[PDB]
Amino acid sequence: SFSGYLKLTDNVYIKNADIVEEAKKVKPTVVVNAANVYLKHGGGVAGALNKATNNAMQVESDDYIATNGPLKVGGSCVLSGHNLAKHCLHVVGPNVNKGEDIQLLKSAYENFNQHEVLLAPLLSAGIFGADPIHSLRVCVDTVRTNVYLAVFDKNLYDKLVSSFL
Ligand SMILES: CC(=O)Nc1ccc(Nc2ccccc2)cc1
C-alpha cells in the first residue's frame, strides 16, 4: 500500500513525505523512529511521531527505559506503533552533534533486516547531524529487507534522488 515512491534499488524506495502523515495513511507493520538511547522523543522525527501518538509513545518508552535501561547507539527496540503502525522500531543512529561515531550507522541500519517491510526515515540525518547522502548510501548497502524511506525536506529529497549512484 506504499504509493508514490521512487524505486532506488531492488529493496529501497524513497518519497518526499512527512513520515507521520505517511504512517497515518499506510498504517505500516513497522514505522522506524529516529530514537536516542533514552527514548526521549523531543524533536526531529521522534518528536513528531511522539506528538502524533498524543505522547503515548513517550509514556510507553519511559516504562521501557525504567525496566531495561538505555539502548546502545546502533541498537533498537520494538515497541507499539500506537495510532501510526502495528510496531515502532526505535533505532538509535549515531548523533554526530553529540560526538558519536558515524561508523555505528551501519549497525543501526542492520536492525531493519529483522523486519520484512518498514516505513523509515534516513538514520542519523536531520538533527542527528550526519550527511543524509551518506545515510542513504549506508541504507542501500546494509538493508536487505523492503525499506520505504520518507524524506520530509523536498530540497533534500531532490538532492538525494539526483545524487544517488
Ligand atoms: C532539513 C535538513 O535535514 N537539511 C539538510 C541538512 C544537512 C544536509 N547535509 C549535510 C549534513 C551534514 C554533513 C554534511 C552534509 C543536507 C540537508
# chains A, B, ... in the order shown; residues from 1 in each chain; ligands from 1
>>> closest_atom_pairs(of="stretch 95-163 of chain A", to="stretch 61-83 of chain A", cutoff="7 Å", atoms="only C-alpha atoms", output="JSON lines")
{"residue": "A:104", "atom": "CA", "partner": "A:74", "partner_atom": "CA", "distance": 5.5}
{"residue": "A:105", "atom": "CA", "partner": "A:74", "partner_atom": "CA", "distance": 6.5}
{"residue": "A:107", "atom": "CA", "partner": "A:74", "partner_atom": "CA", "distance": 5.1}
{"residue": "A:108", "atom": "CA", "partner": "A:74", "partner_atom": "CA", "distance": 4.0}
{"residue": "A:111", "atom": "CA", "partner": "A:76", "partner_atom": "CA", "distance": 6.6}
>>> residues_near_ligand(ligand="ligand 1", cutoff="9 Å", atoms="only C-alpha atoms and all ligand atoms", output="NGL selection string")
:A and (96 or 125-134 or 151-157 or 159-160)
>>> residues_around(residues="residue A:49", least_positions_apart="2", cutoff="12 Å", atoms="only C-alpha atoms", output="JSON list (two decimals) with N, CA and C atoms, in the first residue's frame")
[["chain", "number", "residue", "atom", "x", "y", "z"],
["A", 18, "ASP", "N", 6.10, 13.48, 4.82],
["A", 18, "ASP", "CA", 6.15, 13.60, 6.25],
["A", 18, "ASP", "C", 5.86, 12.16, 6.75],
["A", 19, "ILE", "N", 6.83, 11.54, 7.46],
["A", 19, "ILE", "CA", 6.68, 10.17, 7.92],
["A", 19, "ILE", "C", 5.47, 9.98, 8.83],
["A", 20, "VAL", "N", 5.05, 11.03, 9.58],
["A", 20, "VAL", "CA", 3.84, 10.96, 10.41],
["A", 20, "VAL", "C", 2.61, 10.79, 9.52],
["A", 21, "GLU", "N", 2.48, 11.63, 8.48],
["A", 21, "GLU", "CA", 1.35, 11.56, 7.55],
["A", 21, "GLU", "C", 1.36, 10.26, 6.74],
["A", 22, "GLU", "N", 2.56, 9.79, 6.38],
["A", 22, "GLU", "CA", 2.73, 8.54, 5.67],
["A", 22, "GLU", "C", 2.30, 7.37, 6.54],
["A", 23, "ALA", "N", 2.73, 7.36, 7.81],
["A", 23, "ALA", "CA", 2.33, 6.30, 8.74],
["A", 23, "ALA", "C", 0.82, 6.33, 8.98],
["A", 24, "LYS", "N", 0.22, 7.52, 9.20],
["A", 24, "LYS", "CA", -1.23, 7.64, 9.42],
["A", 24, "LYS", "C", -2.04, 7.10, 8.22],
["A", 31, "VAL", "N", 6.93, 1.20, 11.64],
["A", 31, "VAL", "CA", 7.44, 2.52, 11.39],
["A", 31, "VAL", "C", 8.72, 2.63, 12.22],
["A", 32, "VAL", "N", 9.81, 3.11, 11.62],
["A", 32, "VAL", "CA", 11.05, 3.32, 12.32],
["A", 32, "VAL", "C", 11.08, 4.71, 12.92],
["A", 33, "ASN", "N", 11.49, 4.77, 14.18],
["A", 33, "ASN", "CA", 11.74, 6.04, 14.82],
["A", 33, "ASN", "C", 13.23, 6.30, 14.88],
["A", 34, "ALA", "N", 13.62, 7.55, 14.63],
["A", 34, "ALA", "CA", 14.98, 8.03, 14.81],
["A", 34, "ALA", "C", 15.16, 8.36, 16.30],
["A", 35, "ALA", "N", 15.36, 7.30, 17.07],
["A", 35, "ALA", "CA", 15.42, 7.38, 18.52],
["A", 35, "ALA", "C", 16.79, 7.75, 19.06],
["A", 39, "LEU", "N", 15.28, 7.03, 24.61],
["A", 39, "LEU", "CA", 13.95, 7.09, 24.07],
["A", 39, "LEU", "C", 13.24, 8.40, 24.52],
["A", 40, "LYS", "N", 13.99, 9.52, 24.52],
["A", 40, "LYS", "CA", 13.40, 10.82, 24.84],
["A", 40, "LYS", "C", 13.07, 11.45, 23.51],
["A", 41, "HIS", "N", 11.79, 11.41, 23.17],
["A", 41, "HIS", "CA", 11.35, 11.80, 21.81],
["A", 41, "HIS", "C", 11.05, 13.30, 21.76],
["A", 42, "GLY", "N", 12.09, 14.09, 21.81],
["A", 42, "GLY", "CA", 11.91, 15.54, 21.94],
["A", 42, "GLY", "C", 11.75, 16.33, 20.66],
["A", 43, "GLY", "N", 12.48, 15.94, 19.63],
["A", 43, "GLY", "CA", 12.48, 16.69, 18.38],
["A", 43, "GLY", "C", 12.80, 15.81, 17.20],
["A", 44, "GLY", "N", 12.90, 16.41, 16.04],
["A", 44, "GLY", "CA", 13.11, 15.67, 14.79],
["A", 44, "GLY", "C", 11.97, 14.72, 14.52],
["A", 45, "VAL", "N", 12.27, 13.58, 13.89],
["A", 45, "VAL", "CA", 11.27, 12.56, 13.63],
["A", 45, "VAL", "C", 10.66, 12.04, 14.95],
["A", 46, "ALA", "N", 11.50, 11.80, 15.96],
["A", 46, "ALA", "CA", 10.99, 11.25, 17.24],
["A", 46, "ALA", "C", 9.97, 12.15, 17.90],
["A", 47, "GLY", "N", 10.24, 13.45, 17.91],
["A", 47, "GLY", "CA", 9.30, 14.40, 18.49],
["A", 47, "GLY", "C", 8.00, 14.44, 17.72],
["A", 51, "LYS", "N", 4.46, 13.20, 19.16],
["A", 51, "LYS", "CA", 3.35, 14.14, 19.20],
["A", 51, "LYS", "C", 2.10, 13.56, 18.51],
["A", 52, "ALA", "N", 2.30, 12.81, 17.39],
["A", 52, "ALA", "CA", 1.18, 12.18, 16.68],
["A", 52, "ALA", "C", 0.46, 11.12, 17.53],
["A", 53, "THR", "N", 1.21, 10.48, 18.46],
["A", 53, "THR", "CA", 0.62, 9.50, 19.39],
["A", 53, "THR", "C", 0.03, 10.16, 20.64],
["A", 54, "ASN", "N", -0.01, 11.51, 20.70],
["A", 54, "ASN", "CA", -0.53, 12.22, 21.87],
["A", 54, "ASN", "C", 0.31, 11.86, 23.10],
["A", 55, "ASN", "N", 1.63, 11.67, 22.91],
["A", 55, "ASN", "CA", 2.58, 11.35, 23.98],
["A", 55, "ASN", "C", 2.51, 9.90, 24.47],
["A", 56, "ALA", "N", 1.65, 9.07, 23.88],
["A", 56, "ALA", "CA", 1.57, 7.66, 24.33],
["A", 56, "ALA", "C", 2.89, 6.94, 24.04],
["A", 57, "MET", "N", 3.58, 7.30, 22.95],
["A", 57, "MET", "CA", 4.88, 6.73, 22.67],
["A", 57, "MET", "C", 5.89, 7.05, 23.78],
["A", 58, "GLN", "N", 5.89, 8.29, 24.27],
["A", 58, "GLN", "CA", 6.80, 8.67, 25.34],
["A", 58, "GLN", "C", 6.47, 7.95, 26.65],
["A", 80, "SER", "N", 5.20, -0.46, 20.65],
["A", 80, "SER", "CA", 3.96, -0.29, 19.93],
["A", 80, "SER", "C", 4.10, 0.83, 18.90],
["A", 81, "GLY", "N", 3.35, 0.68, 17.81],
["A", 81, "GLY", "CA", 3.24, 1.73, 16.81],
["A", 81, "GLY", "C", 2.09, 2.67, 17.12],
["A", 82, "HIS", "N", 1.31, 2.39, 18.20],
["A", 82, "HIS", "CA", 0.21, 3.26, 18.62],
["A", 82, "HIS", "C", -0.78, 3.46, 17.45],
["A", 83, "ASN", "N", -1.14, 4.71, 17.14],
["A", 83, "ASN", "CA", -2.04, 5.02, 16.05],
["A", 83, "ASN", "C", -1.32, 5.17, 14.70],
["A", 84, "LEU", "N", -0.01, 4.89, 14.65],
["A", 84, "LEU", "CA", 0.78, 5.09, 13.45],
["A", 84, "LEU", "C", 1.12, 3.83, 12.70],
["A", 85, "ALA", "N", 1.28, 2.73, 13.40],
["A", 85, "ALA", "CA", 1.76, 1.49, 12.80],
["A", 85, "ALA", "C", 1.44, 0.33, 13.76],
["A", 88, "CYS", "N", 6.53, 0.14, 16.34],
["A", 88, "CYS", "CA", 7.54, 1.13, 16.11],
["A", 88, "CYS", "C", 8.87, 0.51, 16.44],
["A", 89, "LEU", "N", 9.78, 0.52, 15.47],
["A", 89, "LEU", "CA", 11.14, 0.08, 15.70],
["A", 89, "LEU", "C", 11.97, 1.31, 16.01],
["A", 90, "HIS", "N", 12.32, 1.50, 17.27],
["A", 90, "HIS", "CA", 13.12, 2.63, 17.71],
["A", 90, "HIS", "C", 14.55, 2.29, 17.46],
["A", 120, "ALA", "N", 10.50, 4.20, 7.05],
["A", 120, "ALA", "CA", 11.59, 4.72, 7.84],
["A", 120, "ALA", "C", 12.10, 6.05, 7.42],
["A", 121, "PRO", "N", 12.73, 6.77, 8.34],
["A", 121, "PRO", "CA", 13.47, 7.96, 7.96],
["A", 121, "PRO", "C", 14.94, 7.57, 7.68]]
>>> residues_around(residues="residue A:140", least_positions_apart="5", cutoff="10 Å", atoms="only C-alpha atoms", output="ChimeraX atom specification")
/A:8-13,109,135,145,147
>>> select_by_dssp(residues="stretch 92-154 of chain A", states="strand (DSSP E)", output="PyMOL selection string")
chain A and resi 117-120+146-151
>>> write_last_selection(atoms="N, CA and C atoms", output="PDB file, in the first residue's frame")
ATOM      1  N   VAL A 117       9.306  -5.496   5.956  1.00  0.00           N
ATOM      2  CA  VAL A 117       8.967  -4.233   5.332  1.00  0.00           C
ATOM      3  C   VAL A 117       8.896  -3.139   6.398  1.00  0.00           C
ATOM      4  N   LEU A 118       9.457  -1.957   6.097  1.00  0.00           N
ATOM      5  CA  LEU A 118       9.454  -0.858   7.065  1.00  0.00           C
ATOM      6  C   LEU A 118       9.242   0.456   6.359  1.00  0.00           C
ATOM      7  N   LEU A 119       8.584   1.373   7.063  1.00  0.00           N
ATOM      8  CA  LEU A 119       8.494   2.777   6.693  1.00  0.00           C
ATOM      9  C   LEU A 119       9.562   3.417   7.596  1.00  0.00           C
ATOM     10  N   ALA A 120      10.503   4.196   7.052  1.00  0.00           N
ATOM     11  CA  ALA A 120      11.595   4.718   7.843  1.00  0.00           C
ATOM     12  C   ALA A 120      12.102   6.052   7.423  1.00  0.00           C
ATOM     13  N   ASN A 146      12.633  -4.747   2.657  1.00  0.00           N
ATOM     14  CA  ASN A 146      11.997  -3.672   1.891  1.00  0.00           C
ATOM     15  C   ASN A 146      11.796  -2.428   2.731  1.00  0.00           C
ATOM     16  N   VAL A 147      12.551  -1.378   2.414  1.00  0.00           N
ATOM     17  CA  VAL A 147      12.503  -0.142   3.196  1.00  0.00           C
ATOM     18  C   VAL A 147      12.024   1.040   2.359  1.00  0.00           C
ATOM     19  N   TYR A 148      10.955   1.689   2.846  1.00  0.00           N
ATOM     20  CA  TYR A 148      10.293   2.833   2.238  1.00  0.00           C
ATOM     21  C   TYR A 148      10.711   4.033   3.037  1.00  0.00           C
ATOM     22  N   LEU A 149      11.590   4.823   2.472  1.00  0.00           N
ATOM     23  CA  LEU A 149      12.162   5.985   3.097  1.00  0.00           C
ATOM     24  C   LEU A 149      11.321   7.199   2.855  1.00  0.00           C
ATOM     25  N   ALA A 150      10.987   7.894   3.947  1.00  0.00           N
ATOM     26  CA  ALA A 150      10.249   9.144   3.875  1.00  0.00           C
ATOM     27  C   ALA A 150      11.246  10.266   4.195  1.00  0.00           C
ATOM     28  N   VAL A 151      11.404  11.214   3.255  1.00  0.00           N
ATOM     29  CA  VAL A 151      12.299  12.343   3.434  1.00  0.00           C
ATOM     30  C   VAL A 151      11.414  13.570   3.511  1.00  0.00           C
TER      31      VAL A 151
END
>>> closest_residue(among="A:95, A:16, A:50, A:163", to="residue A:137", atoms="only C-alpha atoms")
A:163
>>> atom_distance(atom1="atom CA of residue A:101", atom2="atom CA of residue A:17")
28.0 Å
>>> closest_residue(among="A:37, A:122, A:113, A:143", to="residue A:98", atoms="only C-alpha atoms")
A:37
>>> closest_residue(among="A:6, A:92, A:14, A:136", to="residue A:165", atoms="only C-alpha atoms")
A:136
>>> atom_distance(atom1="atom CA of residue A:4", atom2="atom CA of residue A:144")
20.8 Å
>>> select_by_dssp(residues="chain A", states="alpha helix (DSSP H)", output="ChimeraX atom specification")
/A:19-26,44-52,56-68,105-110,132-142,154-163
>>> closest_residue(among="A:123, A:59, A:30, A:48", to="residue A:94", atoms="only C-alpha atoms")
A:123
